[PDB]
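Peer 1: Sequence and experimental coordinates follow.
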Amino acid sequence: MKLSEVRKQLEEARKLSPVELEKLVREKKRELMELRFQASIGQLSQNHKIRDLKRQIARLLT
RNA sequence: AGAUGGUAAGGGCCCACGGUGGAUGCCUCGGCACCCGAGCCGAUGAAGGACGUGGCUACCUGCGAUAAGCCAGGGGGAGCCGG
Ligand SMILES: [Mg+2]
Ligand SMILES: [Mg+2]
Ligand SMILES: [Mg+2]
Ligand SMILES: [Mg+2]
Ligand SMILES: [Mg+2]
Ligand SMILES: [Mg+2]
Ligand SMILES: [Mg+2]
Ligand SMILES: [Mg+2]
Ligand SMILES: [Mg+2]
């Protein structure tokens, strides 16, 4: 289900849009990094948070 | 004075039961032949690779830093996150 919702809202990134396709992505990635840091230290990650993010970004990157 | 009897360190044949070995039978996801179909790919970067890519990933597979994946259309109708 996660699809429909986000992607629609994602061309909804059209106030500023490619500029925001971008801005958003950047923010999305910092999250991934923050997230896989938590990931590696162990005592701060529960998995799919990762996958789900990476794929936000593949979609975002569209 | 005399006579021919038991011994088995070990060995031989026979039976029995094991070990080892992987023949025989059955099996088959593979192979072989024929026939039909189909028959080009590439600078819009092929064929084929290297290195990567999974929360934990050695390999195989898939994929390409959007990395076992992204979008859309079609199919399908309870399961799914490969081996
Ligand atoms: Mg005598
Ligand atoms: Mg004897
Ligand atoms: Mg003896
Ligand atoms: Mg015995
Ligand atoms: Mg890795
Ligand atoms: Mg990882
Ligand atoms: Mg790993
Ligand atoms: Mg591989
Ligand atoms: Mg890219």
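Peer 2: Looks like it came in fine. Numbers count the residues shown, from 1 in each chain, chains lettered A, B, ... in the order given. Ligands and ions are numbered 1, 2, ... in the order given.

Peer 1: so the residue with the largest distance to the centre of chain A is in which element?
Peer 2: Residue farthest from the centre of chain A, counting by Cα atoms, centre = their mean, is residue A:43 at 21.8 Å. For residue A:43, there is no enclosing helix or strand under DSSP states H and E.

Peer 1: Kindly provide the distance from it to residue A:57.
Peer 2: Residue A:43 sits 25 Å away from residue A:57, taking Cβ to Cβ, to the nearest Å as the criterion. Any C-beta I mention is one placed from the backbone N, CA and C, and that applies to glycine too.

Peer 1: Heading C-terminal from the longest helix seen in chain A, find the next helix or strand.
Peer 2: Criterion DSSP state H: the longest helix present in chain A is helix A:18-40. For helix A:18-40, the following helix or strand on the C-terminal side (DSSP H and E) is helix A:49-60.

Peer 1: Centre of the chain to that next one, how far?
Peer 2: For helix A:49-60, the separation from the chain centroid amounts to 5 Å (computed by Cα atoms, centre = their mean, to the nearest Å).
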